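Step one of this worksheet: look at the structure below.
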Amino acid sequence: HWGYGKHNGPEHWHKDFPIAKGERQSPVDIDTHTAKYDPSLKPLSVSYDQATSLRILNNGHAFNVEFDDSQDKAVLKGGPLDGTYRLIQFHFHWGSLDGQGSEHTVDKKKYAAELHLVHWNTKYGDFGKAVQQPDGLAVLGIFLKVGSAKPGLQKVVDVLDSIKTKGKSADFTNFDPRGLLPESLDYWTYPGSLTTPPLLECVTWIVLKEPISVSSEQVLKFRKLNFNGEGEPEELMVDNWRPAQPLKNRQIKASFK
Ligand SMILES: Clc1cccc(OCc2nn[n-]n2)c1
Ligand SMILES: Clc1cccc(OCc2nn[n-]n2)c1
Ligand SMILES: [Zn+2]
């Protein structure tokens, strides 16, 4: 029964998931004047040409777009990563108002939303094994600012009224996640965790510097989803983000100068 409310939100998670107060929790604030350019980072390789999307699901916390990860069809390699990471799903975190919603912040700036493309290290064979390893996942994070519409998001926005409530799903084939990326792949990277329970410390975070722009109409539609199931009282799916956690003994590295 974790969630994002006053009574079951981020401040309560540690009682069921004590790793909530661990040494490598996410998200963090990215202090752009303390991050250091690392000339050793190899270039980032986002290979989504063969991506096979399947389904979109409201899981009561966000909506997830799921991919076929039974072969190397959509992979992330390079940058800080060793080996090959398979795209399994993406989802977003967003706010009730345009001034909040992202999980990562940039010099304490909150964006309206944040997209997470989740990938797992194929040397571990399956997702459930990968999340038990310190290098099991790579999450590519992309900020959303409100401005011009993002055409490659509109197929997502248009389907949300079919999955309004928890447990609803819809076919979501033939969706190209390349349409969600910004132009630049400049990024920050640091070792961290899942940002929801179980909060496992298994993620290499790769957060793109360049946000994408979405329209106020597009993000407004995110906010019409529901955390509740059908035939329950309505609780709008807004503010499904965890705030910044202590950086502790970690360094955030920049791919760019
Ligand atoms: Cl939605 C989208 C966005 C950006 C690039 C895309 O395809 C690029 C490509 N890959 N192979 N030929 N063109 C597709
Ligand atoms: Cl497949 C998956 C597994 C666990 C958590 C997920 O989404 C929330 C999250 N964790 N880190 N960034 N977002 C997604
Ligand atoms: Zn996420």
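Residue numbers (the deposited numbering): 4 to 125, 127 to 261. Beta carbons are placed, not taken as given, at the ideal position from N, Cα and C, and that holds for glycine.
Which residue from the options puts its Cα closest to that of residue i?
i, options, result
"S173", "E234, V223 and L141", "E234"
"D130", "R89, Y114, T208 and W5", "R89"
"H107", "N253, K261 and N244", "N244"
"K213", "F66, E187, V223 and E14", "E187"
"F66", "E238, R227, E236 and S197", "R227"
"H64", "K112, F95 and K76", "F95"
"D180", "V163, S197, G156 and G196", "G156"
"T208", "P250, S29, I22 and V161", "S29"
"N124", "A142, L118, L203 and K111", "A142"
"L60", "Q255, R254, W97 and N230", "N230"
"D190", "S56, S197 and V49", "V49"
"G196", "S259, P237 and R254", "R254"
"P237", "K159, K168 and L79", "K168"
"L144", "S166, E117, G132 and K154", "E117"
"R246", "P202, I91, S56 and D72", "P202"
"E221", "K9, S56 and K154", "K154"
When you measure from the CB of residue i to every non-hydrogen atom of ligand 1, does any distance come out below 8 Å?
i, result
"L144", "no"
"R182", "yes"
"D162", "no"
"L185", "yes"
"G140", "no"
"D52", "yes"
"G156", "yes"
Quick test of your reading: residue i and residue j, contact by CB under 8 Å. State the CB separation rounded to the nearest angstrom.
i, j, result
"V135", "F93", "Actually they are not in contact, since the Cβ atoms of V135 and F93 sit about 17 Å apart, beyond 8 Å."
"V150", "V218", "6 Å"
"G81", "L47", "5 Å"
"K170", "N62", "7 Å"
Closer than 8 Å by C-beta to residue i: which residues in its own chain qualify, once you throw out the five before and the five after it? Chain order, please.
i, result
"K257", "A38, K39, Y40, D41, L44, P83, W192, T193 and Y194"
"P215", "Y114, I146, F147, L148, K149 and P186"
Within 8 Å: the Cβ of residue i and any heavy atom of ligand 2?
i, result
"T35", "no"
"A65", "yes"
"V121", "yes"
"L189", "no"
"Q249", "no"
"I22", "no"
"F147", "no"
"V135", "yes"
Between residue i and the rest of its own chain, which residues show a CB-CB distance below 6 Å, the 5 nearest in sequence each way excluded?
i, result
"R182", "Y51"
"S99", "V242 and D243"
"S152", "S217"
"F260", "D190"
"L120", "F93 and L144"
"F20", "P201, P202 and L203"
"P13", "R246"
Once the 5 residues before and after residue i are set aside, which same chain residues still bring their CB inside 7 Å of it?
i, result
"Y128", "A134, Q137 and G140"
"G102", "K113"
"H17", "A23 and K24"
"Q249", "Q28, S29, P30 and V31"
"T87", "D75, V78, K80 and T125"
"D175", "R58"
"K225", "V161 and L164"
"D110", "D34 and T35"
"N232", "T169, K170, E238 and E239"
"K159", "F179"
Please indicate yes or no: does the CB of residue i lie closer than 8 Å to some heavy atom of ligand 3?
i, result
"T208", "no"
"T199", "yes"
"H107", "no"
"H15", "no"
"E205", "no"
"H94", "yes"
"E117", "yes"
Enumerate, from N- to C-terminal direction, the unbroken beta strand (DSSP E) stretches of 3 or more residues contained entirely within the region 14 to 57.
47 to 50
Write down every uninterrupted run of the alpha helix (DSSP H) in the region 179 to 239 whose length is 4 residues or greater and which is fully enclosed by it, in chain order.
220 to 226
Threshold first: 3 residues or longer. Then list the beta strand (DSSP E) segments lying entirely within the region 89 to 124, N to C.
116 to 124
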